[PDB]
């Protein structure tokens, strides 16, 4: 699925799949982290279940940061699926800052990367995408705990 950009061998991030795209995406991933809010969702997250995909719904408002504890819980969940041999998709929508934040966090969490190097790696895979200052702050908090 070309919207998905992989950040390691098993974890990717992307924009939101449309409902017509679900059959395709569901054959490429085993689990999905949904970071959009319910007022951004054009379908029920049931549609993933009906296609054999397990879901973690961790809503974050657009342009804002998750809490650091919310971040760590999402990271632990991704790690669980990865350890099971599964491929995981992190998606948000819009400017992509929310999935960008979680993807940078994942590189710090799983590979031990510093924040500044994790930011550089995600930055190159998404030309023109930025994290807001609020998202930068929680990532710094994550670095200070990790």
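Residue numbers count along the first chain shown, from 1.
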Quick check: 32 to 40 versus 107 to 115, which has the larger average CA B-factor in the record? 107 to 115
Between 117 to 125 and 54 to 62 (mean CA B-factor, as deposited), the higher: 117 to 125
If you rank every modelled residue in this chain by C-alpha B factor, which third holds residue 15: lowest, middle or highest? lowest
Lowest, middle or highest third: which one holds residue 85 when the chain's residues are ordered by CA B-factor from the entry? middle
Tertile call for residue 100 (CA temperature factor, within chain, third-based) is the lowest
Within this chain, which third does the Cα B-factor at residue 46 fall in: lowest, middle or highest? highest
